[PDB]
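Structure 1 and structure 2 below are two forms of the same protein chain, each written out on its own as structure tokens.
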Structure 1
């Protein structure tokens, strides 16, 4: 009475972590539908079927009566096999059974922002599920079915074309590192009364994003009553002024200029500096002469500004642009922001000073981590990747190996020297990094670093949004998170200790 071609759903590819742990799995679910044309000939069966579907008798009957002309309506999607057989056993004419695919996410909220989710039609709508949708979805088949003049699926003819299953995808993320970072960022938020946060971990040798976690987060397996703020992958889609965490790059421009060495001295007394109506102000103001390492340890805005006036903002802009701040990462992640590294024909003094200590530009947590990776990797930037990297692509030298080496040594002193950020110290290793405290009377606390300082393997960025306890400095709020997560990450990757 009617020959028709209908789609065959393809099996969606498995997403694993870098070691094969499942992160997104296509699982069979039982969906029930009905042909109202057939139901209309068995009305005396409707109340038992309605009750079986948890439905009010009258509302069910109103539904079928309204659709009496159509030949298809869903009844309920995604049931257990025991549930569907429970209904089919009633043998109600025109009630049919189907098996579909539905994603399950074994790690739930721990990796929701990176993995994303699919819709009820099994299409990728967010995160990796969307970015890699063509790779994961495969290609539907087609089959030929005969249907009588009332919609009854009389015969089932051949398969015209088989479905092509999707392909497996292994991410760069290490699920063991991801759990640790997730736990500790969460603990830090709760201990500090903070509103939001991000943590990014990167392999400085391969470009791999080993961990990417945010708060708040959500359970992708139960998205009822989902708050869209809980769904933001802040590490990639939120932009912020990085503040003093960019001082290592200002310093890289200074050491490359020919005009400065770490033992050179800047006079920062009295801890402020007027630029017209604008006033640069240090956080501690009992200093006069400081050497370049001292400027980083004390995080003196006056110090880095006087250095910036000497070498010119253009050279600072250039290093920041070369390491990727405010530049397109090329990951193609949905909603991923680029930020902004402003430019000028001639840089005014005030813009020059603020650029040098990280105001006036916008970056993401992932760009900041990638810039620190380039610095840890002896000045060579390796392309970012969200998937496991087997053949490493060639990187670009963006800071000279000698300059990067020197800046690494200074940042090890930031963490280890007297008056330094002692809370970022990693037991059994040497660590290097810089704190940040940036306006947003509310602040973001930041720490960016890498370890082991002797032979760097891992770069990490911690951002904690609006800590509400008395201490809000990056060195008080974010540095201890770096310490706990870096220690766990190095242990898990069996990195040999360089400080025992």
Structure 2
């Protein structure tokens, strides 16, 4: 009696590197021992020795084999070293066989854990890039057709072995050097402030490339035995929050594009509150009367952006926020990535208009906020997001007019640089631009910005759990932007 089995030959999984060729996921040959239980069952006297070699409990091992006595294949140990494998084969236990497999290892470990993600016990991607690019990376298994007896041993092949085709190499957009910098500074900020979680995204505003994307807590993908759910969250891509004051720049972009506001136009925000029906809008800083558009950003005046929003209508604000991708499906095709929500109310009442304009009327991810700021930095042109290295840059879409984008860039440079501004976000050597806010989901300190002002190269978002924006997250923007700019050999623009 017979059977014909088709056997899959494992294909070498494609190498993942960072944009510079540094190894992030490597399929490395391992020896895994498997057994044909029908054969093993004829050599029970060998089991205890086999089990000792496997460092396995004799009872559990024996039970597992008896449990599987009618199967022709089970694994004994996977991902051993060649040496260790041969140690066991030398035992010459009937029904024990060795095969070359490929096991994934992650050389950068926790540093790029969430972005790279990892594979299953079957070498199929299950988080991050490994998941998103599985087909590119996996290649195609080879096939043997094997004639087997009822033991069931291989009698012969019944056709030519069809060799596996290796997966393809993949270079990420991530620059491991920037990734590491962001990773460490985020972590220090958390430790200092007694906060539990945070994210940090760095984008190339010219190419759409995600140069860094780090979250805390994080985890070691090479050892996932004591994992906790909170550590596995790729927060940059899956935590959503109301961005608050960080989207005022997009509200201002609508104001400018409306034809009705110039940067130097004034709004009276005294006495720092504004009664809307039953509701009261309140500024945190309430020592202002007249503020120009830049002053509204500096003071984070909710009252101010609200009065502007009442003037230009929420539709225009919605349109800018949508075009820059806030709450939109600019997804890179990572299963599970969040889109957030930018409700198209179509007609907004005062309350909703105001709440949208000062950023508590939408939810976004850190990645969208970074991409939005990248378009702004890129003279209003949005280059499509990428987590893989971009050699041929796609044409951008003009989502904010170049003139409005340049104008808002200048205002944001002032919130960082001007008196009463977010001085802690200043980056020595460069003109930096950006905006603080308090995100809500539970509050988080936010800072979002880009640099250098004169020919922006990167956009960055810092999100930190708050047990304020300009106090907690701003100094992190400063330090990380200071490092990243220099890592990219960006010439200092403060001359």
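Between two forms, the rigid core is defined as the largest C-alpha subset superposing within 1.5 Å. Residue numbers count along the first chain shown, from 1.
With the rigid core aligned between structures 1 and 2, only one of 149, 261, 161, 285 has a CA shift of 2 Å or more: 149. A movement of the C-alpha atom of residue 39 reaching 2 angstroms or beyond is seen between structures 1 and 2 when the two forms are aligned on their rigid core. Core-superposed comparison between structures 1 and 2: the C-alpha position of residue 94 differs by no less than 2 Å. Comparing the forms between structures 1 and 2, the C-alpha position of residue 80 differs by 2 angstroms or more, with the core used for superposition.
Taking the core as reference, the Cα of residue 70 moves 3.5 angstrom between structures 1 and 2. We note a C-alpha movement of 2.0 Å at residue 346 between structures 1 and 2, with the rigid core held in register.
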